[PDB]
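Below, chains carry the letters A, B, ... as their sequence lines are ordered, and counting in each starts from 1.
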4 protein chains.
Amino acid sequence: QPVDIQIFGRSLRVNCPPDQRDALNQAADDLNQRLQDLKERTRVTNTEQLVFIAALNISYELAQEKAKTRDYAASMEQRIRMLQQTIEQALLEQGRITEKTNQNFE
Amino acid sequence: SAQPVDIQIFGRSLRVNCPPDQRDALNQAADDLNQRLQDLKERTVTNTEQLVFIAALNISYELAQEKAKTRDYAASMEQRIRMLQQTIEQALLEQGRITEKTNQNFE
Amino acid sequence: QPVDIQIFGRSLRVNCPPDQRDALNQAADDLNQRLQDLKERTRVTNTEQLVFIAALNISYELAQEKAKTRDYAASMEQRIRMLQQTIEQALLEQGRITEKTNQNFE
Amino acid sequence: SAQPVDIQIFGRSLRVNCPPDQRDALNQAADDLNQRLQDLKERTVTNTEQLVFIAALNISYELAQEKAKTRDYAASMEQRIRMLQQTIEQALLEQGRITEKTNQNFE
Ligand SMILES: [Cl-]
Ligand SMILES: [Cl-]
């Protein structure tokens with residue numbers, strides 16, 4: 001539903017269901033802080049310029065974060081495979097040892 | 001390193017300082033943003049500036065969600081490690097308990 | 001307490017607590033069968049000869065069985081160490097990945 | 001291979017057929033048995049034959065107990081493997097559940 005959002009001296013209108021209002025307010029706070037930080041460190045003063053740069057940075061951040069998620073999953077997958085591999089080893093070793101028959105002399 | 005790169009976002013030219021080893025990421029980010037702004041435009045009085053603000057809000061939210069995914073992975077894995085580590089201590093306890101046994105005789 | 005045990009036509013007396021009587025009867029059955037088996041396969045017919053050979057064989061069996069126990073334990077110890085090693089790997093990998101900070105352009 | 005070896009057990013000479021690669025085990029078994037019979041003798045009318053019967057009973061019992069140890073190890077390990085394998089399937093289930101998540105947007 002329609003919501004008016006304030007960011008960096010600007011007034012936005014965003015359509016947003018109630019169960020996403022809180023997410024919207026956080027994103028507004030996040031972006032507000034991003035623009036204020038970007039500014040104090042890059043000497044750029046124009047607001048439109050700042051928002052293009054911030055949008056670019058944050059797209060790149062999202063790309064990185066998505067790579068991180070893939071990397072986490074790929075890594076833990078490998079650990080799970082090793083755990084599995086340790087299990088079949090335990091079973092192979094158990095078979096090897098227990099299947100030995102005690103010898104006699106005659 | 002790090003020189004200005006001329007980037008075209010949605011009918012706007014802007015300069016971004018960027019080292020060569022990030023250039024490819026910069027090209028991909030501009031491509032991602034351009035596609036995002038275009039798809040947003042057809043979905044929605046499109047002052048380009050306000051359009052970029054809305055795109056940036058969406059990306060902020062998506063980033064927050066993406067970060068929650070790894071947080072959620074980590075939280076699950078924390079439980080898995082706990083269970084594994086107890087199984088390990090129980091195996092150690094059991095190994096000790098059985099190895100301690102002494103055979104008896106009759107006489 | 002005193003118990004009279006019958007093995008291979010011979011009459012033994014063995015001092016044995018009640019909570020070991022059942023073990024004694026099994027050992028008597030085990031040995032009875034060992035002597036009957038040893039005989040059908042080695043053509044030795046003297047009983048005293050048979051029992052010396054059986055006692056020798058079974059000492060060797062016990063040595064082997066004790067080695068088996070040591071081998072089982074040593075092997076499973078190694079599996080436990082690998083399980084442990086997989087855990088610190090999961091934690092090292094987690095640290096490596098999660099401690100990466102998303103970069104920006106400016 | 002396998003020739004007769006002259007073994008002395010407790011004042012008795014006997015021949016045991018034994019290949020070279022078991023000779024060392026045979027020497028150790030005769031040494032073990034000799035020590036066993038001697039320790040049993042001081043503990044106990046010592047017809048040597050009856051003494052060997054009693055030694056053999058003790059060894060049979062000790063063997064049964066020793067075998068029970070590995071049986072007991074194996075039984076414990078069976079439980080440990082079960083717990084590990086459930087942790088593994090739960091990790092797989094959890095990995096799937098989290099990776100399936102899709103980021104939402106506002107507009
Ligand atoms: Cl968007
Ligand atoms: Cl004994």
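- By a heavy-atom distance cut of under 4.5 Å, B:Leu40, B:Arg43, B:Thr44 are the residues of residues 15-47 of chain B near chain D, going up by number.
- The local environment of CD in B:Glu78 is sparse, with at most 12 non-hydrogen atoms from other residues, nucleotides or ligands closer than 6.0 Å.
- Among residues 55-77 of chain B, the residues having any heavy atom closer than 4.5 Å to a heavy atom of chain D are, in sequence order, B:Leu57, B:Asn58, B:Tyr61, B:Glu62, B:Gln65, B:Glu66, B:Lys69, B:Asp72, B:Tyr73, B:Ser76.
- Scanning residues 81-92 of chain B against chain D with a 4.5 Å heavy-atom cutoff picks out B:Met83, B:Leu84, B:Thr87, B:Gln90, B:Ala91, ordered by number.
- Residue contact with chain D, scored on non-hydrogen atoms closer than 4.5 Å, involves the backbone and the side chain of B:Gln104 alike.
- Take B:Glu107 and apply the side chain to side chain donor-acceptor pair (under 3.5 Å) test, not counting sequence neighbours, and it matches no residue.
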